[PDB]
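The chain below stands alone and is given as structure tokens, in the form deposited in one PDB entry.
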């Protein structure tokens, strides 16, 4: 599906895509290979959908956080630069694009949010979130507002949510069992935001465009944005500074740090062309300058050029915020985490849910994959061997234990009553190895995805997995069970995410079958 002898590149509409296209023309000069740069809407949602069918761009640009998802689904080429090239970029940038030990992208630039303030309105920007209300009242008396930023994307609100002890996945590797979305710190940050809105210091409908227009016209004294934004402010002749984000309850705002990264599509027939492009045209002083001059990249991964721009106090401020922040995890569940928190912030801001209701649903949504896997993996393995897993359930272990106990009753019942259809389907598929299992997964993915949503169909999906798992054990294919459990889990949580959260996840399963 992807055309050989050219390069199609996807990059977000806020990045320097005219600059990248100029690096594209220089490549075409040397090679006679045309480079098309596109910035489609939602490209971070479209890439996984199209790339799975062997379609999409040759190169996708996004922050590193989405790339583990892409790599796990087999959508990215392993990149293998030689030592001489690896040494040209900061090790910590390479770390951002490492997944299960393999480099899955080229790092381009380190991004963090800063407080951007209009020096003519606000000579001294506020050190604390707590002083922004009184600053707003002072500025409204003069026909201005204190602060506007994008309330539609949780990336911009996260630094406040995280300040007093909100976190996504705990680090001390990343404990995926430990989600800090509905703890006291997260509640405190989101409550402060909702109070700002309730008190008319901010408007819940403010998005990227409205904040940018209002700051760049000198109507609001402050915004929160990344380096990409600076170009448009330079154009506006607002006298702006870039500074440390305000503290909350005495603690730094903790922005989620992104490394803008360039991944090669696994389905691309143009991998050597993509590698030559990214290594020897883009990731050079001249290539990054071309992009940076269009929309600023931040602290670039390329040591030689980072040194040249390091003296810029806007970069200095970006790295001060990044140091108070945390590098985003690249784990496959990041997409689910962001979707959950996006919904929680929009709903709390709008009044559709209270902060407690919004962050509860977000915690459920963020924990959904790992919780579902634990139940589904334990059911298939204990069905297959006749022996339960001794290891303790961990956090939400009561939910997991009671869901496992319910599924034992209800799942054993479907395997007994539907033995005929299950044996029939198992006998048709000639399951004798991991290849046969992967093929089954593809079919079962289709049949489950295509049908209606209720606990019975969900039990049927998991119970068929149990039925198959018993087969795999008896034919010395036990190593195929975990990958089957991961397949079932993946399609369950991806295709029924909203319904599952609406039911309070596995608590709803336990209550629905309570007798």
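Numbering follows the first chain given and starts at 1. In this text, rigid core is short for the largest set of C-alphas that superpose within 1.5 Å between two forms.
- Looking at the other PDB entries for this protein, residue 173 is absent from the model in a third or more of those that include the residues around it.
- Coordinates are lacking for 1 to 3 deposited residues between residue 172 and residue 173.
- Annotation for 242 to 250 versus 426 to 434: the higher mean temperature factor (C-alpha) is found in 426 to 434.
- The PDB entry records a higher mean C-alpha B factor for 448 to 456 than for its counterpart among 448 to 456 and 59 to 67.
- Highest C-alpha temperature factor among 111, 212, 136, 182 per the entry: 182.
- The top Cα temperature factor in the record, among 204, 79, 340, 193, falls on 79.
- Among all modelled residues in this chain, the alpha-carbon of residue 125 has a temperature factor (C-alpha) in the middle third.
- Among the modelled residues of its chain, residue 72 has a C-alpha B-factor that falls in the middle third, as given in the PDB entry.
- The deposited CA B-factor of residue 131 belongs to the middle third of values across its chain.
- When the CA B factors of the chain's modelled residues are split into thirds, the value for residue 280 lands in the highest one.
- Ranked by C-alpha B-factor against the other modelled residues of its chain, residue 293 falls in the middle third.
Keep in mind that the form deposited in another entry is missing from the display, and what follows is about it.
- Just one of 210, 238, 445, 327 moves its Cα by 2 Å or more between this form and the one not shown on a rigid core overlay, and this residue is 445.
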